[PDB]
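Accompanying notes for the structure given below.
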Amino acid sequence: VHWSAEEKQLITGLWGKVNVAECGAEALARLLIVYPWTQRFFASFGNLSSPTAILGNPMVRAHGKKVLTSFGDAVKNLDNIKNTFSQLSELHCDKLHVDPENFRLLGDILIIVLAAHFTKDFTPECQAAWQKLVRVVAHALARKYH
Amino acid sequence: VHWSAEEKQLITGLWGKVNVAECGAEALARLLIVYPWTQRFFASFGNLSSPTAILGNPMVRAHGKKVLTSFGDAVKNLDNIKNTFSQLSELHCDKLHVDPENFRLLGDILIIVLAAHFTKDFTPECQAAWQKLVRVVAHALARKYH
Amino acid sequence: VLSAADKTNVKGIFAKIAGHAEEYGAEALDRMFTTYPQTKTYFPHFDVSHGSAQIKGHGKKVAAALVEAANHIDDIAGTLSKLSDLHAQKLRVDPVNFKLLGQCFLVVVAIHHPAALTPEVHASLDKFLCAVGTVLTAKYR
Amino acid sequence: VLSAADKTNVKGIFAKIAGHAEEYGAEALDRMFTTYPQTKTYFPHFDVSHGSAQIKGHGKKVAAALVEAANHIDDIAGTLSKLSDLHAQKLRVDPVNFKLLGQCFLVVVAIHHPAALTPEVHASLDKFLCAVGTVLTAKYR
Ligand code: HEM
Ligand code: HEM
Ligand code: HEM
Ligand code: HEM
């Protein structure tokens, strides 16, 4: 996959301003509130019943961060994501058999979350870099399939 | 991906008894019918005003013919599909620009066809090599993307 | 939605089904298994092998409900407004999977009736087979 | 498909978005080309450059009917079918882009009302967008 010197800035630049804590809680909380199907996989966490509770429960408010922080690992190397999420791609496919369209449903949820914490500080041309990222992510985690 | 002793046989053997003109013909046609949006894709095929004008549009069946024959070049290339479709992925991806959701669609309609022409000759255990088959083909048709 | 003409292709195929409910379903499901085995995990409490009394059992409902649903095609989300609550909330099913049954459910009809599933009548079913899938995943939409 | 809690959430976000449709629609659209250059094929006699005349005169209508659909929701499926042709029959849009516009429309809202588009309101719209999603692709299902 191709990346550039301008997409490297929109990405590496904005990464170092993400309050991972909250947005990783925000977007896992949303996934769980947005597509309610997405709740089955997270049975082990407890109370996910009322949309507002979903955020109050602090396993998501914890496990959420591990998603965004996850995305951390990538940013260090846009040029070996393949080998990065690969060990991680075994974890979502073999063990907890997760349908990758959902790898599109948090990527899309997680761009929306940046979207509300960076206002016009979130460039049309930016967002794009950030899809390409969580698009490249999405399908890395789906290496251990076809 | 792994093909085995019980997998090679049903692919190779069923392949050798498919009327590639008919099966290809009813293939492209269901897609042309069942999902009316792809017709723009084949706008330079002419009269595509009605299910019956569609089935008989000679060039429809002069297309289905070249699509099921393709698969056949893969039928012989199991462990080698990626290289096989190389250029033909650059056709759909970079050129034509078909949303990979359609590889599956024209995929799942093919399957549908094996059941029509072959009825009981289409075992559960057969179906699945005509699944995986079609999935893997679809996956290379998506190689010049991510 | 589904319109005057859809309302007769679909009504079409289920009439031609109708008497072999229990098979087509059981059979749709086996194919729902040996083709997409990552569907299995909703049935770890169930005998998933070709033609046990279980896929037979569970099969006739899957077929029965779908029929009861064309009998009153005019309201699929209230005739099945008992079955949506279940699926969408406790088993919680990924829609990805309704598209694995559906298609798998078509692939059955084909084997048993290739001249009833004419591409025009094929069209309306996948249609029907969306809306049922929708209805039953309604606790999301 | 769209109950009471939804109706209230959906109506809400709207009279919020309302009096800035001539730029909430242009933005959205200005974002679906710049993240998604493939949707550009539907626009080859369009001025695609940043801030141009044809996009803002357009985008205006993408909400102009996005909110006419909002303030008449009891029947989205009817008020929008007019276009459900222009979309389903005339231009024929791949349904996999109602999304790519579904979203780039929630990258706008988000930017300008990040404290209104709570998850639940985010849900209703994204399900109302799944409403204006299906109706506009009527000709297939
Ligand atoms: C945006 C793409 C995603 C990324 C990058 C990601 C990343 C991660 C990470 C970093 C872990 C940490 C494991 C640990 O702490 O031991 C994890 C585990 C897990 N993931 Fe994901 N994830 C994504 C999407 C999803 C989706 C859609 C689901 C399913 C709804 C999912 C389901 C899970 C589950 C159920 C666990 C572990 C549960 C447990 O600890 O018992 N992930 N993932
Ligand atoms: C399912 C796997 C597919 C395979 C193996 C395949 C194969 C091919 C081949 C071999 C050609 C033309 C090569 C030649 O004679 O020069 C072609 C052309 C074309 N294909 Fe596909 N295809 C697939 C899926 C699709 C889908 C899903 C669509 C549309 C939704 C599509 C749309 C087209 C179009 C519009 C052309 C151009 C025809 C022309 O200019 O002559 N293909 N495809
Ligand atoms: C047209 C779509 C479907 C129909 C008509 C259907 C039919 C039914 C019916 C009638 C029941 C409950 C009967 C009763 O308890 O009295 C049921 C439950 C169930 N459904 Fe479905 N189903 C459909 C889709 C799916 C799919 C695709 C899956 C796979 C994930 C699924 C998984 C289940 C499971 C695991 C149960 C629990 C049954 C048990 O454990 O006894 N359903 N279904
Ligand atoms: C929220 C769903 C959508 C709405 C409300 C919408 C709205 C509109 C409206 C109001 C028009 C002008 C028609 C008239 O005045 O008769 C139009 C035209 C058009 N639309 Fe959409 N649209 C939607 C989705 C899409 C998407 C995703 C695409 C691209 C893939 C698209 C492609 C087009 C095209 C190519 C035209 C032709 C107008 C021209 O040549 O300037 N529409 N749309």
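Ordering of the structure tokens sets the chain letters (A, B, ...), residue numbers begin anew at 1 in every chain, and ligands are numbered from 1 in the order given.
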
message = Can you work out which residues are within 8 Å of ligand 2, considering only C-alpha atoms and all ligand atoms, and then hand them over as JSON, numbers by chain?
response = {"B": [31, 38, 39, 40, 41, 42, 43, 44, 63, 66, 67, 68, 70, 71, 85, 88, 91, 92, 96, 98, 99, 100, 101, 102, 103, 104, 105, 106, 107, 134, 137, 138, 141]}

Next, write the just-selected residues to a file, as a tab-separated table (two decimals), in the first residue's frame, keeping N, CA, C and O atoms as the atom set.
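What landed in selection03.tsv:
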```tsv
chain	number	residue	atom	x	y	z
B	31	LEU	N	-27.31	-11.51	-11.92
B	31	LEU	CA	-26.70	-10.24	-11.49
B	31	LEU	C	-27.27	-9.02	-12.23
B	31	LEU	O	-27.57	-8.01	-11.62
B	38	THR	N	-26.03	-2.92	-11.29
B	38	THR	CA	-24.85	-3.23	-12.08
B	38	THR	C	-25.05	-3.05	-13.58
B	38	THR	O	-24.12	-3.30	-14.36
B	39	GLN	N	-26.25	-2.63	-14.01
B	39	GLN	CA	-26.55	-2.60	-15.46
B	39	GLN	C	-25.84	-1.47	-16.18
B	39	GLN	O	-25.63	-1.52	-17.37
B	40	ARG	N	-25.48	-0.47	-15.40
B	40	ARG	CA	-24.69	0.63	-15.87
B	40	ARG	C	-23.32	0.13	-16.19
B	40	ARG	O	-22.79	0.45	-17.23
B	41	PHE	N	-22.76	-0.68	-15.30
B	41	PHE	CA	-21.53	-1.44	-15.56
B	41	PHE	C	-21.52	-2.05	-16.97
B	41	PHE	O	-20.54	-1.93	-17.67
B	42	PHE	N	-22.62	-2.69	-17.38
B	42	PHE	CA	-22.79	-3.28	-18.74
B	42	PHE	C	-23.78	-2.49	-19.62
B	42	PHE	O	-24.70	-3.05	-20.21
B	43	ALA	N	-23.60	-1.17	-19.66
B	43	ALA	CA	-24.44	-0.26	-20.43
B	43	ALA	C	-24.13	-0.40	-21.91
B	43	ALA	O	-25.00	-0.27	-22.74
B	44	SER	N	-22.87	-0.64	-22.23
B	44	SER	CA	-22.45	-0.97	-23.60
B	44	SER	C	-22.68	-2.48	-23.94
B	44	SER	O	-21.85	-3.13	-24.59
B	63	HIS	N	-20.85	-12.53	-22.62
B	63	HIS	CA	-20.04	-12.12	-21.48
B	63	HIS	C	-19.95	-13.20	-20.41
B	63	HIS	O	-18.86	-13.48	-19.93
B	66	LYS	N	-17.29	-15.74	-20.89
B	66	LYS	CA	-15.91	-15.38	-20.73
B	66	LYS	C	-15.60	-15.22	-19.27
B	66	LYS	O	-14.46	-15.00	-18.89
B	67	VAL	N	-16.64	-15.30	-18.44
B	67	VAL	CA	-16.48	-15.13	-17.01
B	67	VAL	C	-16.41	-16.51	-16.32
B	67	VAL	O	-15.60	-16.70	-15.40
B	68	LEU	N	-17.23	-17.46	-16.76
B	68	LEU	CA	-17.11	-18.82	-16.25
B	68	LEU	C	-15.89	-19.58	-16.79
B	68	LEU	O	-15.36	-20.48	-16.11
B	70	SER	N	-13.10	-18.05	-17.32
B	70	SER	CA	-12.03	-17.49	-16.49
B	70	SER	C	-11.74	-18.42	-15.33
B	70	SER	O	-10.76	-19.17	-15.36
B	71	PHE	N	-12.61	-18.38	-14.32
B	71	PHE	CA	-12.68	-19.41	-13.25
B	71	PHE	C	-11.98	-20.73	-13.54
B	71	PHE	O	-11.37	-21.30	-12.67
B	85	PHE	N	-4.87	-14.01	-11.52
B	85	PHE	CA	-5.88	-12.99	-11.69
B	85	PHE	C	-5.19	-11.63	-11.70
B	85	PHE	O	-5.82	-10.63	-12.03
B	88	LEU	N	-6.30	-9.25	-14.16
B	88	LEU	CA	-7.74	-9.18	-14.11
B	88	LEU	C	-8.27	-8.55	-12.85
B	88	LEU	O	-9.42	-8.13	-12.81
B	91	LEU	N	-7.96	-4.89	-13.65
B	91	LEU	CA	-9.05	-4.52	-14.55
B	91	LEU	C	-10.25	-4.01	-13.74
B	91	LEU	O	-10.73	-2.90	-13.91
B	92	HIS	N	-10.69	-4.83	-12.80
B	92	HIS	CA	-11.84	-4.53	-11.98
B	92	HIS	C	-11.58	-3.45	-10.97
B	92	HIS	O	-12.43	-2.58	-10.77
B	96	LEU	N	-12.24	-0.58	-14.35
B	96	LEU	CA	-13.69	-0.62	-14.11
B	96	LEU	C	-14.15	-0.06	-12.76
B	96	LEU	O	-15.14	0.63	-12.68
B	98	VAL	N	-15.08	-1.71	-9.84
B	98	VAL	CA	-16.23	-2.40	-9.28
B	98	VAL	C	-16.02	-2.62	-7.78
B	98	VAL	O	-14.98	-3.15	-7.34
B	99	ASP	N	-17.03	-2.20	-7.01
B	99	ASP	CA	-17.07	-2.38	-5.58
B	99	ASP	C	-17.03	-3.86	-5.26
B	99	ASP	O	-17.90	-4.65	-5.70
B	100	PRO	N	-15.98	-4.27	-4.54
B	100	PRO	CA	-15.73	-5.66	-4.22
B	100	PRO	C	-16.94	-6.40	-3.68
B	100	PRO	O	-16.99	-7.61	-3.78
B	101	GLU	N	-17.92	-5.67	-3.15
B	101	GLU	CA	-19.23	-6.26	-2.77
B	101	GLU	C	-19.90	-6.97	-3.94
B	101	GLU	O	-20.66	-7.89	-3.72
B	102	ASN	N	-19.60	-6.59	-5.17
B	102	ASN	CA	-20.12	-7.30	-6.34
B	102	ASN	C	-19.40	-8.63	-6.73
B	102	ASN	O	-19.98	-9.50	-7.39
B	103	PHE	N	-18.14	-8.78	-6.34
B	103	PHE	CA	-17.46	-10.04	-6.60
B	103	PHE	C	-18.20	-11.13	-5.86
B	103	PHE	O	-18.49	-12.18	-6.43
B	104	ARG	N	-18.56	-10.83	-4.61
B	104	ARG	CA	-19.35	-11.72	-3.81
B	104	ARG	C	-20.72	-11.95	-4.45
B	104	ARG	O	-21.16	-13.09	-4.57
B	105	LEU	N	-21.39	-10.87	-4.86
B	105	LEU	CA	-22.74	-11.01	-5.44
B	105	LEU	C	-22.72	-11.94	-6.65
B	105	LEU	O	-23.53	-12.87	-6.72
B	106	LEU	N	-21.81	-11.68	-7.60
B	106	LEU	CA	-21.71	-12.51	-8.83
B	106	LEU	C	-21.08	-13.85	-8.51
B	106	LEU	O	-21.23	-14.79	-9.24
B	107	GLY	N	-20.35	-13.88	-7.40
B	107	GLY	CA	-20.02	-15.10	-6.64
B	107	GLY	C	-21.20	-15.94	-6.16
B	107	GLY	O	-21.42	-17.03	-6.66
B	134	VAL	N	-14.99	-19.51	-4.97
B	134	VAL	CA	-15.51	-18.20	-5.42
B	134	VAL	C	-15.08	-17.05	-4.52
B	134	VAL	O	-14.72	-16.01	-5.00
B	137	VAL	N	-11.18	-16.38	-5.46
B	137	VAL	CA	-11.21	-15.64	-6.72
B	137	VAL	C	-11.56	-14.19	-6.48
B	137	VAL	O	-10.88	-13.31	-6.99
B	138	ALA	N	-12.61	-13.97	-5.69
B	138	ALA	CA	-13.07	-12.64	-5.33
B	138	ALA	C	-12.01	-11.87	-4.57
B	138	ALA	O	-11.92	-10.65	-4.70
B	141	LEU	N	-9.34	-10.66	-7.26
B	141	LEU	CA	-10.06	-9.56	-7.86
B	141	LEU	C	-10.04	-8.32	-6.96
B	141	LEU	O	-10.42	-7.22	-7.39
```

task = May I ask you to extract the residues of chain C within 8 Å of chain A, using only C-alpha atoms, and to give them as a PyMOL selection string?
result = chain C and resi 38+88+91-94+96+139-140

I need the contact residues of chain A against chain B, so if you could list those with any atom within 8 Å, counting only C-alpha atoms, and return them as a CSV table (one decimal) with N, CA and C atoms, in the first residue's frame, that would help.
```csv
chain,number,residue,atom,x,y,z
A,1,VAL,N,0.8,-1.2,0.0
A,1,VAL,CA,0.0,0.0,0.0
A,1,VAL,C,0.9,1.3,0.0
A,136,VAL,N,-6.6,0.2,6.1
A,136,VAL,CA,-5.5,-0.6,6.0
A,136,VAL,C,-5.3,-1.5,7.3
A,139,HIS,N,-8.4,-4.4,7.2
A,139,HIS,CA,-8.0,-5.6,6.4
A,139,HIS,C,-6.6,-6.3,6.7
A,146,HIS,N,-8.6,-14.9,4.1
A,146,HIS,CA,-8.2,-15.2,2.7
A,146,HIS,C,-7.1,-14.3,2.3
```

task = For chain D, work out the contacting residues on chain C at 12 Å, counting only C-alpha atoms, and write them as number ranges by chain.
result = C: 1-3, 6, 76-78, 81, 84, 120, 122-132, 134-141

Can you spit out the residues from that selection as a compact mmCIF listing (two decimals), in the first residue's frame, using C-alpha atoms?
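Generated output (out26.txt):
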```txt
# COMPACT_ATOMS: atom_id res chain seq x y z
CA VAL C 1 -40.13 -2.71 0.20
CA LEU C 2 -42.09 -5.39 -1.77
CA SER C 3 -44.70 -4.52 -4.46
CA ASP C 6 -42.96 -9.25 -5.88
CA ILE C 76 -43.41 -9.02 7.86
CA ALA C 77 -42.29 -6.93 10.95
CA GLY C 78 -45.35 -7.69 13.12
CA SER C 81 -42.64 -9.24 15.84
CA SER C 84 -37.22 -10.33 16.28
CA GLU C 120 -37.51 -12.96 -12.21
CA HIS C 122 -35.28 -15.24 -7.79
CA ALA C 123 -35.24 -11.47 -7.68
CA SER C 124 -38.29 -10.99 -5.38
CA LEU C 125 -37.11 -13.62 -2.85
CA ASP C 126 -33.68 -12.24 -2.00
CA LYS C 127 -35.89 -9.10 -1.59
CA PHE C 128 -38.24 -10.93 0.83
CA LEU C 129 -35.11 -12.45 2.37
CA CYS C 130 -33.69 -9.01 3.14
CA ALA C 131 -36.87 -7.73 4.87
CA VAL C 132 -37.21 -10.86 7.08
CA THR C 134 -34.29 -6.76 8.67
CA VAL C 135 -37.50 -7.36 10.73
CA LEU C 136 -35.52 -9.86 13.00
CA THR C 137 -32.52 -7.46 13.44
CA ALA C 138 -35.01 -4.61 14.20
CA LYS C 139 -33.79 -3.96 17.77
CA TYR C 140 -31.03 -2.11 15.98
CA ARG C 141 -33.35 -0.57 13.31
```

key: Residue with smallest distance to ligand 4 - pool D:73, D:13, D:4, D:80, counting only C-alpha atoms and all ligand atoms   =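 Comparing D:73, D:13, D:4, D:80 against ligand 4, the winner is D:80.
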
task = Write out as JSON, numbers by chain which residues come within 7 Å of segment 17-21 of chain B when counting only C-alpha atoms, dropping same-chain ones fewer than 4 positions away.
result = {"B": [25, 65, 68, 69]}

inquiry  = Show me which residues line ligand 3, defined as having an atom within 7 Å of a ligand atom where only C-alpha atoms and all ligand atoms count, and present them as number ranges by chain.
reply    = C: 39, 42-43, 45, 58, 61-63, 65-66, 83, 87, 91, 93-94, 97-98, 100-102, 129, 132-133

message = List the spatial neighbours of residue 53 of chain C as a PyMOL selection string - criterion: any atom at most 12 Å away, only C-alpha atoms, same-chain residues fewer than 5 positions off excluded.
response = chain C and resi 22-23+26+46-48+58-60

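Remark: for residue 90 of chain D, the closest of the candidate residues B:49, B:118, B:29, B:64 is B:49 (distances computed over only C-alpha atoms).
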